[PDB]
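Chain IDs A, B, C, D, E and F follow the sequence of writing; residue 1 opens each chain.
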Amino acid sequence: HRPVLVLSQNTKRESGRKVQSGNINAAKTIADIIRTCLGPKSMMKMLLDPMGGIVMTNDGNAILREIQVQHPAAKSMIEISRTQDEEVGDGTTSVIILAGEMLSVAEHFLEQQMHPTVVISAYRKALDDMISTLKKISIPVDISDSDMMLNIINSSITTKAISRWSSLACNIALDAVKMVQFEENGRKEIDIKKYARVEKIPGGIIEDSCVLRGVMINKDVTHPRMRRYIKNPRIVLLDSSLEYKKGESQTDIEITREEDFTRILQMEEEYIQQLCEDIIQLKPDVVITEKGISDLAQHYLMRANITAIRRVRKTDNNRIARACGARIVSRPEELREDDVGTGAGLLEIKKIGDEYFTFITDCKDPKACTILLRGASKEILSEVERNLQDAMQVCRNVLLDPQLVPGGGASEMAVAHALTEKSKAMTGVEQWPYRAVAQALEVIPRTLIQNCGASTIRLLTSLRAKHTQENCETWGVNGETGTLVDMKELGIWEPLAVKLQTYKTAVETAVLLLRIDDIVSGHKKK
Amino acid sequence: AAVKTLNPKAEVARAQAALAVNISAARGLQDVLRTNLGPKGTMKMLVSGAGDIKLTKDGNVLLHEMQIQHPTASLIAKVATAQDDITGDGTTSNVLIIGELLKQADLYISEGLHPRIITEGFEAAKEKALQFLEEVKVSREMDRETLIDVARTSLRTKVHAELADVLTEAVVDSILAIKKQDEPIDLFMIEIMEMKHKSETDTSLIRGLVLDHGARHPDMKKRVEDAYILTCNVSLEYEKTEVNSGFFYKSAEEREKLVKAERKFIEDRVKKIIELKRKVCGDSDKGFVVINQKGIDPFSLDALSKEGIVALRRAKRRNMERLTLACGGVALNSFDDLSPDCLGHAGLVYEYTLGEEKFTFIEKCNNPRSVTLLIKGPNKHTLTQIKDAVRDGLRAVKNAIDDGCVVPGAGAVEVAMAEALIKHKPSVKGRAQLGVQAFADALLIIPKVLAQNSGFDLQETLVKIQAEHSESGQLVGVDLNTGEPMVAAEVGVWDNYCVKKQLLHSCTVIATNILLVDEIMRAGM
Amino acid sequence: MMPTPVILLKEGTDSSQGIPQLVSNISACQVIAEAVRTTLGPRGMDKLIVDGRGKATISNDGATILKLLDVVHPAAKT
Amino acid sequence: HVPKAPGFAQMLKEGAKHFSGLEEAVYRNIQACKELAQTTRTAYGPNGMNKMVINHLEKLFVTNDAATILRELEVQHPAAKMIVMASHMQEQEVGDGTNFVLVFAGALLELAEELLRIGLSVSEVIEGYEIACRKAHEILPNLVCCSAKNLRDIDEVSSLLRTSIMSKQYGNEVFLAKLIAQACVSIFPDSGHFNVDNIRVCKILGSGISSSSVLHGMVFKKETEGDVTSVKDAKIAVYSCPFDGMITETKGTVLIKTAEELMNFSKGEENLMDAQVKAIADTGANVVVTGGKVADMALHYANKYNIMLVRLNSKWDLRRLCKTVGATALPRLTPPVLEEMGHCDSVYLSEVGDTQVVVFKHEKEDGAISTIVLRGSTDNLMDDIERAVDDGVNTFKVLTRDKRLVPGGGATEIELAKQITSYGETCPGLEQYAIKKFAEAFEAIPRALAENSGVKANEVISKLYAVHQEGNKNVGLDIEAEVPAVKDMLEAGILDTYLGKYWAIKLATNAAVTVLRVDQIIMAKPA
Amino acid sequence: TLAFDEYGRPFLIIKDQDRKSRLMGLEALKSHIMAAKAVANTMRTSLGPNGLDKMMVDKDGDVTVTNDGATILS
Amino acid sequence: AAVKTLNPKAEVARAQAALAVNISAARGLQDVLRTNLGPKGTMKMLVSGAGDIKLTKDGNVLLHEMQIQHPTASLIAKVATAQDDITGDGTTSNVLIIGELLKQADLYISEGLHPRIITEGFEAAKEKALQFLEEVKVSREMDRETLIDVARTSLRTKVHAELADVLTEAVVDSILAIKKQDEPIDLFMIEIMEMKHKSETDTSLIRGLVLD
């Protein structure tokens, strides 16, 4: 069997029109999947996992992460929605539809024997003019007002499944960000993932869900003699163990006398009592560590009236350190008065469904909170958890950038008329791809009427005529009824960081996928 | 489809296709689980792959131990899991509401209407159903005769009414002597032991504790009266140092000196126990029982047997919580502060062997606040009938004590709630008029299934029940013996308030979310 | 990885396009020209072609050599 | 573990698929027909490229005509077959413009996808296309500027046939126009029905296209079996019976009962065949052409009385010989022919291209039938010129049916794009969007002419609307060189098939409408 | 390369070209001499009056002892 | 099951099981054929195993050329075959009544009632519906302008109303010149020839015969 004299074995080669017009159809295919998940009249999409679980959601990020594609240009669009999920909260489904439409009009110019670098150079000139249009139609926000911030977060959850419990979910997501807004040195930061833990418990009703003023964990007391209800405890956080372990050496003891073996067993008990005497000098009430607690340490804390928790997680210790103001120490003989968690409120070991939960609530000024979610099952509680993550991040963008853009179609039509009037002074071959960017922005008011069943001809002709005048400029599409209502009366407002990240990512997705004229597949790596 | 283009091995369901998948699967779980609602339901024999018999008819055990692979059946099984986790009963009636909230909605969605219009009518019907439930609840100040009829309703629907007269005295009298003065009753204080001694109708209520392990020494006393409980957590068996040390000896005479010295720290723990027996005026019988959660070597068992101390070993984690309340002592973790204040007291401590398996009994306590239901079922599958019915009955009386009001029985709630939605049906003033009608007809499946399992007519029974409710003010219900409309508040058929409140909330949200699903697909490969 | 329709193009056919097609046709004519390249001129040799039946045919004519090569290339049949 | 989605309401098929809706059925029928429009877009126009298409029979077809390409491609998409059968109806009706159907209906369905995804459904795009189709048939009689009426001879039709030749044979536009002029005019029926079957193509392998000519008669590919090949009188007796004698029909049996009947049977059969050949030799016949076989005794007296024999194994070629020399095929054995004899001028034989042919060449009475003898270096080249020859004969039948012509080369489609846009702006309804998209489908037809010439189609299509300011109506495309600066079509002489443009617009509109009517597709298991 | 083009297309000229054998080289003339010398070295021992015969076996098993050069090579 | 005991390779359906087989299959043929009833219906493209296109939306041609293997779908196809054999139109509307007579009865049989009690009400409703049909029928003495409006209704439900104006003059004028004096009209006297000459909107009525 002689081998065949080939070059680049077991790989593919593809170039020409089949790659330029092939990556457009892969981008149009993903945009048609989540096209029914943009307006407030959207529907859930039940997904099936390879682990056996079920993800029933309508968010554009959680749908595309559960789809395994084989096309290379289809893998690029999934990473676009992952970028929009980490930057902003409710900036997911809008970018995938917009990048599919900007590539839909880009396929028309590739058939006209136009080079792809001419369309990208017209896309970059159009991208620089969409940023300047949103900054002119913006509005400053009073972040100190409570009722003004409730209208911003209600506009982001009207699409999601928590729009029915809108009066409760807006107060939970607003109080969650304002508690974790911590500033130690001269730098403001909001960490809503490491400190704003969203725990879900199956059972109860959704109306009883509330954000606790403190933290909670699923841990029982180490001994039944310990108190399960302390009014004002002095919580001391530990990191090392309260046991006797082997040192980091090759220690070996030669036992030749009779009194030597009983002495080592007594020195193990005196070493635990020494570190237990060093933690009671500050008179604490609650001792919380991350490693195990031996029964010799449980005895000395029992008669000293100390409630001890055994195996609290490391991420939960960092969260309770911000709520109670304690210091996570790793040495019991180096405890100080500043390391004691004073100011903590009521501590209660409740039981929710045949399982104990340690509640540390009612704090004075906590820097970390825990949202207690209670619902029917774990299926719908994963929906409220994914919606509150999209509700707390849209409040983080206003506190770092208090500017609002009129959403609901009014944002896209205010720039599409600005790109049309600015295209009259182009006078070149880049004028016609510059006009297609303004026509590609029409897919966002197209989607709001296709989801509610309204007409797309009689409405878009009247909506385009409303932006011919420079006075109003804020007329959008009402997804509830289906008519044209001004967004100053409805209250649908989106933040500036959401609309800027939507336009910057949808253009650069079309920049990357238009410079691809060749695809090589079939090689291996290390 | 778009999913077929990206992934060729990914199935999908479209808008009119995924609705027929979820509704027809909800009728599959409805037609199976409707044969066990109420006392007239039939027993289901569930055989696994090994061959063991699981004879039960609870709605949570039926959905978990069923060979079904469907995404719609996995959603209802998760809602049914939380119904049997926080409040016990209400699992069979949970699935039948979801089976009718999707079947009555299919009559309107297939006839031109949109699924979101039906879900807007469910929220407006849930608001009236929640306000009507607070008007029909009866506060009876948690009387001990009221809790019998609450426990009798939950126990009949799981047994053939000969053990329901025995288990009601074992559930009500167990839940009263746990906590007082408006304290939340912990269900971990009740131990459930499975025996095989006499028969299924012999389950008694032990006032103390029943431990499943006996004495591990043949010279110990089997029956001990007027005992002292010493609850320990120390390890009496031989343990070494944490650092690897070993021994080193020169002669053979120094070899036996090290074996005597290595047990000195062990015997110092035993000498603290035998000196406590001499300080409690041991000029009488004066029995001593050490439960001793950690293991004991046979060297210390031989030392305690010569003094007359019964010593058990390898107890549970919650045995140091239940026996501490029952005996009144202190569960110690060391022998440095031994005193008679930490000792317990029981009038009778005896054991019994059932096929080379001893069972330690502790009885005759003053105020135990911890009991043990001693289930003595003949077969292995009959033990699963009583255990799943005791925890169904213990969680029923626990909710009736915590909540201050009692909700009426079989048809006294569901028929009166459906008639309240008819008079408030033109109050929505919009397209959601048919959504309140689909919610009111879905609540009527509870008198329909109970009239069907009892052998009576389905439509002829619902006419006479709704006639007695419209022509009177009494909440009339279903009678599973004669078929005539009888009031449930007078015959002694009650229900829990938190069960009917969550049945209007967990079933409604899971029905409005399923009706808004149109893209059932399987991707990820 | 690009073409995955529900209904395919014709059956399974492959078709080249453009400038890589034309160089594929020119280089194919260079290979079939080597079977008549050494048969030109009075100092040109002959060639021997054996078919599957074992019949030997030694010749130097272009109409005899090219008919026994069994060329299935579309451009090289010209 | 992992669950799966089962059937829902009507999953009763045993391996067949199903399509319903706009995205699964209507949008996929558009994208499948778009691939056929982009396939034949390169081969459209005078600067089109050929395509080596190999069918299932493992033979080679190289051509630039879109009609013969689709007959070899085994298309399996159902909506794609509707645009193939619409192009096959253009070949059966007029014989030219089959590719015009793939560009126009391929652009009609492509622009319909832009209307369904932005607006109106198929109930208004179809009704919008039908209004603009009826208005397109009112501009085509107004765009007629010239006519094929004056001087119907070989001089005027040598220029009026160049448009159908240069679209597939660009370099040979002058030689093939004169060869189609000396063949189509020579078979004129004196104001009657022009039959396109009276022109045959005899492919003779040999030298190039410069040695091709048209012979007034027929050229066969058979032998003589004789030595009387030089015939100058040419009195042809055409027969359809086998020239071997008269045999019976049921069984046939010679019955011998004595020794005299056995000896005289062999000599009596030779004398019977001798009297039949000399009966046609006294009538003045020289060529005896039969349809069946010929025995050895018939060949003995054919060389004795000096008459030529022609074997024609095909029964269809025998009827064409009767219309060539003016004879009648006699089904019985050889009679004394009264008035059904043939009359040619010179019947001879010559080995042209290592092929011994029989030529029935007419010299004086030139017009009875014509045969274009084509020469080529390859057999694949002569099949491509034969398609260009048949496009010249089919264009001559169009000018017989209708003498009107419209200026092609892109001049007609721009004026059709301007008038339909004028009707679309004056329509106060919701169907005016499909009328404006119907005129843009005519805009993409000169776009394919500029993309095949290596010219940028954006600057080409901008100069066409700039010179069509309501009074010119004739400027097309000048594809002779880059930087076009396009000229007039009547001065260049590029105008062809007004009746071809009348049917290709009607067939491509009805093909694109029939695709948009399909909302639900139910296919079976292919086997 | 063989059976592949520089643009990735399959390069097939003649049918079943992978199972063909073609030698132009400088050993094509060398292979003709070494094949003809072994026939001449076989017939060298059967030349002259002291030429030894050869034993030929047919396909059917028949044995014919031949010395003439016509029947040996045939 | 008893049939599984004697024949192990014999599937079976019980009382509550076989009713769900026939009802779910009746809704399967109902949801397909309801998208082509009337003039505003949608066309269906039917492709066989060979590859020929059969573009039609008649209820008899849809049920015959459909890849369905079901016993309930074969029972409705037998009733739909006899509808298009004796009277022509009425085949698409025939399946939708059967699909609704089993769907409306599904709401009562599943709610405790017996299937035989529903069939007693169908006969009592069919007798009143048959007497009501004899009161709403309109006699117009078979005018040739009445037959235009009768043929226009049946032709518009199978074509896009541009050929319906042409085929009305080819159907009404062909059925009048066959028999007179109250004679039964034989449909074998009309020959149907298929040409390819001009276009679909050119079907004329030859007063004599056309031989192929």
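Points to keep in mind about this one:
Throughout what follows, a contact is a pair of C-beta atoms (placed from the backbone, for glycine too) under 8 Å apart; a residue touches a chain by one contact, two chains touch by 3 or more.
Located most centrally within the structure is A, per distance between chain CA means and the overall CA mean. Chain centres here are Cα averages; for chain B and chain E they lie 93 Å apart. A separation of 67 Å divides the Cα centre of chain A from that of chain D.
Inter-chain spacing, taken between the CA centroids of chain A and chain F, is 57 Å. For this pair, chain C with chain E, the centres built from the Cα atoms lie 27 Å apart.
Counting only residues that touch two or more partner chains, chain E has 7-8. Touching of two or more other chains is recorded for residues 2, 5-6, 16, 18, 24, 71, 74, 520-522 of chain B. Residues of chain A found to touch two or more other chains are 12, 17, 25-26, 32, 48-50, 54, 70-71. This structure has the following touching chain pairs: A-B, A-C, A-D, A-E, B-C, B-D, B-F, C-D, C-E, D-F. Interface residues of chain E facing chain A in the complex, by the touch rule stated above, are 1-4, 7-8, 18. Remark: chain A residues 26, 29-30, 32-33, 36, 41, 43-50, 54, 56, 66-71, 74, 161, 164, 202-206, 223-225, 244-247, 251-256, 258-259, 261-262, 264-266, 268, 295-296, 298-299, 302-303, 351-354, 375-380, 383, 453 touch chain B in the complex. The residues of chain F lying in touch with chain D in their complex are 24-25, 27-29, 31-32, 35, 40, 42-49, 51, 53, 55, 65-70, 73, 160, 162, 196, 199-200.
Here chain D touches chain C in the complex through residues 17, 19, 28, 32, 35, 52, 54, 60, 62, 73-78, 378, 380, going by the rule given at the top. Only residues 1-5, 23, 31, 38, 118-120, 430, 433, 447, 451, 456-458 of chain D touch chain A when the two sit together in their complex.
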